[PDB]
Amino acid sequence: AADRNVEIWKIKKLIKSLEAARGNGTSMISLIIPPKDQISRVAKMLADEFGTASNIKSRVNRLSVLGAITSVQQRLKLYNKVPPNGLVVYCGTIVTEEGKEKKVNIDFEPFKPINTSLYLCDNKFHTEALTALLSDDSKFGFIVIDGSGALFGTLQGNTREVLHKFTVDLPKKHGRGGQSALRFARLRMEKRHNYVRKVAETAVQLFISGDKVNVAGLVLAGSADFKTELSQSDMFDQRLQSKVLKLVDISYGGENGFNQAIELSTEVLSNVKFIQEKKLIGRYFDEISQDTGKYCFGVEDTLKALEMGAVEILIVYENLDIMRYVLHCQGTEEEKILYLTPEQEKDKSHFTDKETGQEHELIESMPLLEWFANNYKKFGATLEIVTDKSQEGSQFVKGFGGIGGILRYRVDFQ
Amino acid sequence: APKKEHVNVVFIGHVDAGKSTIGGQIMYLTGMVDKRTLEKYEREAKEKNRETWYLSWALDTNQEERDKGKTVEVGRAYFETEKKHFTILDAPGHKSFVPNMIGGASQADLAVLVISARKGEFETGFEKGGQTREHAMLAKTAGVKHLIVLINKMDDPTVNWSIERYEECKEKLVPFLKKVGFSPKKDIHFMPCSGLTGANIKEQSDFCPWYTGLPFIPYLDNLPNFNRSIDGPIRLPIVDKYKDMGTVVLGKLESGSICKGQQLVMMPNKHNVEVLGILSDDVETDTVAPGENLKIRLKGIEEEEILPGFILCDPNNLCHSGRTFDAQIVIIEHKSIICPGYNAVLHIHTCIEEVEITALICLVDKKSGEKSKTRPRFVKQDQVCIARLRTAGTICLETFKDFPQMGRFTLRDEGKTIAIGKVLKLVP
RNA sequence: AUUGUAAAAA
RNA sequence: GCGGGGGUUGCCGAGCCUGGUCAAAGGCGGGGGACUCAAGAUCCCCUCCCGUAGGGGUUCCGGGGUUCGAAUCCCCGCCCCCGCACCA
């Protein structure tokens, strides 16, 4: 498993740093050769491509497109056959930081087999296909009922997304102790009646695609009496009624009561499993509510605390410019291992924060999450790579710094 | 020439406390509802097999409310004593309906805390799951300062005007009120009554000799503790919206006086709007002074998407707003860790908006008001601190130092209360 | 008794 | 199920009825080239594995038997296809 943490980190890197690989013209070929195809068929069809790009229009674009078909044509004869995973190749030339130019030539075999085909030349590379390599946990639907309105939305990971929502008016005057029940019934027995209807309408328009639920199931959230009328409806009957994961009694509606419907339905979704990560950021937090001391937070504490014992869970945040550096000492024949961020790192002479100003000479640098991925099993049990999109996620990154741990002993801290 | 004062009275109570039943008496006993009407309420309730709700059906209006014997939407009813005109506010006996309960709390000045003495019904009201907590955090949040504690259901099978249950009620409330909304021990008034038979509402009971104080209708009339009238450039929070005779808008006049035929402007909205008819409390006026619960017919460009929980304001001197702010928070039962990036839903007046804490300022003591000179990672249960806060959208606010009824806030998440908030600096 | 895509007109 | 006939090198198909003169004709396809800007007709070369000197190693479904020697002769196994029939 600890070996797939590293893979996902690599893929995140790869994915981002292939859009940041932009060039100009049609100098940026993406080629995806599927499982066990015909090397000669592809290599030929690229000599048919080089032949038509020997016209192409616009001087430097020709010459660059040619040199980038040439790179693949040469390396594709290295392969004996198309492996079971197919070959993903990305050849072109890119401008990078400082407005400098680099001829980019990538040719690899995906860890998990690619399930798509593509020969396409833009001015940037295509990265949409590599998302399919890590693939899905789901993807839930959420109906939020309230006496002022209703809201259709999804929860995928830790991200609440709002798809659609309408508001309703009801006459909150019926008399003054001498109550008129004709005022009661008249408009309401049609507002309420048309509203359970329209909830079921906007549930069938939004949560059904190609004869099937797009989301994995529905969680239904609402105030009293409006939901036991909607669940057991003939309007909600068939496919939606048989995908009802959990219900939830809530105190409010809208986006307010979209939050409260997840708070209450957390363990019944499950496995989301990013929701269950937010639970476990819950669990870290309510260690820190007590005197029992198996918690650490920040870099400093957390670090020396992993060095002198073991964490059950080591909890790190996905985006994270903090890194493990190893500096030799200015005096020679001694060394320092320090954690820096982009700002400190630019002062290459001290490689430290401006207030300290201490002198150093950097030899190697491993990203702090990458360093952790590669040793969590020698320093503890389990690692969690974590999101910010939930209210527990938000808090971890903002007020702990997206780094802390649930230890296996009583620690003490600064 | 002589004016009777216009203020509302509100009933906050246990879920089963008979908030409707006491309502039904108090109109009948002041003649506001006719004998014919009580006969018809008797009949309609009997014919559908609902005998013990005859009085309750005077306030419980909707089907589910009539069926169960306690409200879900907020109900308003008018009665008149010798010195005053009242609109009385039944606040939901169900707990999923907190938006009807905040609008009921908001129109108060005066809140009547109705506690049932019945075995089972009494004890259950003081648990976390009861409605007494949610009702006291709302009355304090709405400006309430004189609490009337009415011990209901006292002539019943299991209560014989028990002085012991009555003392149990008093004793339990002084710390429960003191803890949930920071109430002091005094400006509290206790009275036993029964709603079903109307005992101690207008006349003295002889089953009860030990209580020789005033009944509820003679008392309420003669209570001096009303602080509603506030002079100043004019402010109305919208508490309810609805169409009847034209489009109508309800709220409390929490600064100054607005005359019929004249402009308002709404806020943050800035929506020009003219009055068409003024019913102050529940009778026609053409002039209306501050502190009165207004029931105004409006004429605007919009009228059915008009949002409750924003203010109307002077057109003329419009009014402070956020959406960024610093504030003092006091952590009663999260009960776990809040650090920065914490979220909740935000109650001030009739507003119920999402909010998040941006950066966390400093720790503050309960005593002396003294802040720490360093800044923390986090805050925990039973502490107090200062935090910066962003709302999802934009709310209009006063500072607590300006007007506390537009400044005192409640950190709501679950069916619980995490902190009580006090807005200090309105940004930008 | 074949085949050849993308930025030119005071 | 009972039978019957088959499975050849990248593919297709000779040749196995003639045991040593089979590392396996031919076709198609692949690879390298000329062809005279570019394809690309046409033609030529190469095309089991391994190796520095036409050497070593392994093949005609899998595995044995018979022979000095079998891809070629005999048997069993797996797999495929086809009749007929109880049952599937």
# chains A, B, ... in the order shown; residues from 1 in each chain; ligands from 1
>>> select_by_dssp(residues="segment 60-268 of chain A", states="strand (DSSP E)", output="PyMOL selection string")
chain A and resi 87-96+100-108+118-122+139-146+149-156+159-167+218-222+244-249
>>> residues_around(residues="residue 26 of chain D", least_positions_apart="5", cutoff="12 Å", atoms="only C-alpha atoms (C1' of nucleotides)", output="VMD selection string")
chain D and resid 12 to 15
>>> residues_around(residues="residue 58 of chain D", least_positions_apart="5", cutoff="10 Å", atoms="only C-alpha atoms (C1' of nucleotides)", output="list in words")
residues 23, 48 and 49 of chain D
>>> write_last_selection(atoms="N, CA, C and O atoms (P, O5', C5', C4', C3', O3' and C1' of nucleotides)", output="PDB file, in the first residue's frame")
ATOM      1  P     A D  23      18.624 -29.874 -42.043  1.00  0.00           P
ATOM      2  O5'   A D  23      18.062 -28.402 -42.055  1.00  0.00           O
ATOM      3  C5'   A D  23      17.131 -27.811 -41.129  1.00  0.00           C
ATOM      4  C4'   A D  23      16.537 -26.455 -41.526  1.00  0.00           C
ATOM      5  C3'   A D  23      17.571 -25.250 -41.553  1.00  0.00           C
ATOM      6  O3'   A D  23      17.417 -24.271 -42.546  1.00  0.00           O
ATOM      7  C1'   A D  23      15.956 -24.776 -39.958  1.00  0.00           C
ATOM      8  P     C D  48      14.295 -16.147 -40.125  1.00  0.00           P
ATOM      9  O5'   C D  48      14.035 -16.695 -38.691  1.00  0.00           O
ATOM     10  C5'   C D  48      12.786 -16.370 -38.007  1.00  0.00           C
ATOM     11  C4'   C D  48      12.808 -16.946 -36.631  1.00  0.00           C
ATOM     12  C3'   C D  48      13.828 -16.595 -35.560  1.00  0.00           C
ATOM     13  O3'   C D  48      13.453 -15.328 -34.981  1.00  0.00           O
ATOM     14  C1'   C D  48      13.460 -18.991 -35.533  1.00  0.00           C
ATOM     15  P     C D  49      14.661 -14.456 -34.419  1.00  0.00           P
ATOM     16  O5'   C D  49      15.224 -15.252 -33.188  1.00  0.00           O
ATOM     17  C5'   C D  49      14.540 -15.447 -31.904  1.00  0.00           C
ATOM     18  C4'   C D  49      15.385 -16.195 -30.908  1.00  0.00           C
ATOM     19  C3'   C D  49      16.765 -15.723 -30.667  1.00  0.00           C
ATOM     20  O3'   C D  49      16.861 -14.478 -29.917  1.00  0.00           O
ATOM     21  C1'   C D  49      16.822 -17.992 -30.785  1.00  0.00           C
TER      22        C D  49
END
>>> interface_residues(of="chain C", to="chain A", cutoff="7 Å", atoms="only C-alpha atoms (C1' of nucleotides)", output="PyMOL selection string")
chain C and resi 4-7
>>> residues_around(residues="residue 303 of chain A", least_positions_apart="2", cutoff="12 Å", atoms="only C-alpha atoms (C1' of nucleotides)", output="PyMOL selection string")
chain A and resi 295-301+305-311+314-316+324+337-339+368+371-372+379+403-405+407+411+413
>>> closest_atom_pairs(of="chain D", to="chain A", cutoff="10 Å", atoms="only C-alpha atoms (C1' of nucleotides)", output="tab-separated table")
residue	atom	partner	partner_atom	distance
D:30	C1'	A:40	CA	7.2
D:31	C1'	A:40	CA	9.3
D:38	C1'	A:51	CA	7.1
D:39	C1'	A:51	CA	7.9
>>> write_last_selection(atoms="N, CA and C atoms (P, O5', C5', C4', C3', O3' and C1' of nucleotides)", output="PDB file, in the first residue's frame")
ATOM      1  P     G D  30       3.571  -4.452 -44.326  1.00  0.00           P
ATOM      2  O5'   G D  30       4.748  -4.629 -43.288  1.00  0.00           O
ATOM      3  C5'   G D  30       4.446  -4.531 -41.865  1.00  0.00           C
ATOM      4  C4'   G D  30       5.601  -5.154 -41.024  1.00  0.00           C
ATOM      5  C3'   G D  30       7.047  -4.622 -41.166  1.00  0.00           C
ATOM      6  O3'   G D  30       7.225  -3.391 -40.366  1.00  0.00           O
ATOM      7  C1'   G D  30       7.118  -6.911 -41.246  1.00  0.00           C
ATOM      8  P     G D  31       7.827  -2.082 -40.983  1.00  0.00           P
ATOM      9  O5'   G D  31       9.303  -2.262 -40.957  1.00  0.00           O
ATOM     10  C5'   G D  31      10.054  -2.562 -39.817  1.00  0.00           C
ATOM     11  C4'   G D  31      11.418  -3.155 -40.063  1.00  0.00           C
ATOM     12  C3'   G D  31      12.227  -2.208 -40.985  1.00  0.00           C
ATOM     13  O3'   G D  31      12.790  -1.065 -40.344  1.00  0.00           O
ATOM     14  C1'   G D  31      12.397  -4.476 -41.577  1.00  0.00           C
ATOM     15  P     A D  38      12.842  13.501 -51.088  1.00  0.00           P
ATOM     16  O5'   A D  38      11.365  13.250 -50.728  1.00  0.00           O
ATOM     17  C5'   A D  38      10.689  13.857 -49.616  1.00  0.00           C
ATOM     18  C4'   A D  38       9.151  13.649 -49.684  1.00  0.00           C
ATOM     19  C3'   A D  38       8.629  12.208 -49.657  1.00  0.00           C
ATOM     20  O3'   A D  38       8.257  11.728 -48.332  1.00  0.00           O
ATOM     21  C1'   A D  38       7.467  13.529 -51.351  1.00  0.00           C
ATOM     22  P     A D  39       8.653  10.274 -47.861  1.00  0.00           P
ATOM     23  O5'   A D  39       8.266   9.443 -49.192  1.00  0.00           O
ATOM     24  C5'   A D  39       7.505   8.188 -49.175  1.00  0.00           C
ATOM     25  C4'   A D  39       6.006   8.387 -49.562  1.00  0.00           C
ATOM     26  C3'   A D  39       5.350   7.140 -50.102  1.00  0.00           C
ATOM     27  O3'   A D  39       4.977   6.292 -49.025  1.00  0.00           O
ATOM     28  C1'   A D  39       4.798   9.060 -51.421  1.00  0.00           C
TER      29        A D  39
END
>>> residues_around(residues="residue 387 of chain B", least_positions_apart="3", cutoff="10 Å", atoms="only C-alpha atoms (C1' of nucleotides)", output="mmCIF file with C-alpha atoms, in the first residue's frame")
data_model
loop_
_atom_site.group_PDB
_atom_site.id
_atom_site.type_symbol
_atom_site.label_atom_id
_atom_site.label_comp_id
_atom_site.auth_asym_id
_atom_site.auth_seq_id
_atom_site.Cartn_x
_atom_site.Cartn_y
_atom_site.Cartn_z
ATOM 1 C CA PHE B 325 -15.558 40.803 10.923
ATOM 2 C CA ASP B 326 -13.693 40.378 14.242
ATOM 3 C CA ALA B 327 -15.593 38.927 17.171
ATOM 4 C CA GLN B 328 -15.395 37.523 20.725
ATOM 5 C CA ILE B 329 -16.369 33.814 20.987
ATOM 6 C CA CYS B 339 -8.831 26.081 15.338
ATOM 7 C CA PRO B 340 -8.811 28.488 12.256
ATOM 8 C CA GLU B 356 -16.010 30.430 8.796
ATOM 9 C CA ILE B 357 -13.178 31.688 11.159
ATOM 10 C CA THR B 358 -10.338 33.100 8.940
ATOM 11 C CA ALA B 359 -7.475 33.836 11.418
ATOM 12 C CA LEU B 360 -7.579 33.395 15.251
ATOM 13 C CA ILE B 361 -6.526 36.564 17.096
ATOM 14 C CA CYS B 362 -5.944 36.232 20.854
ATOM 15 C CA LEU B 363 -7.188 34.538 24.007
ATOM 16 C CA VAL B 384 -12.946 32.582 25.451
ATOM 17 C CA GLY B 421 -20.602 35.585 19.901
ATOM 18 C CA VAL B 423 -19.314 41.295 17.205
ATOM 19 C CA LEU B 424 -16.590 43.789 17.737
#
>>> interface_residues(of="chain B", to="chain A", cutoff="8 Å", atoms="only C-alpha atoms", output="PyMOL selection string")
chain B and resi 24+27+32-33+37+58-59+61-62+73-78+95-99+241-244+304+336-343+345+353-354+377-378+380+413-415
>>> residues_around(residues="residue 1 of chain C", least_positions_apart="4", cutoff="12 Å", atoms="only C-alpha atoms (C1' of nucleotides)", output="VMD selection string")
chain D and resid 40 to 42
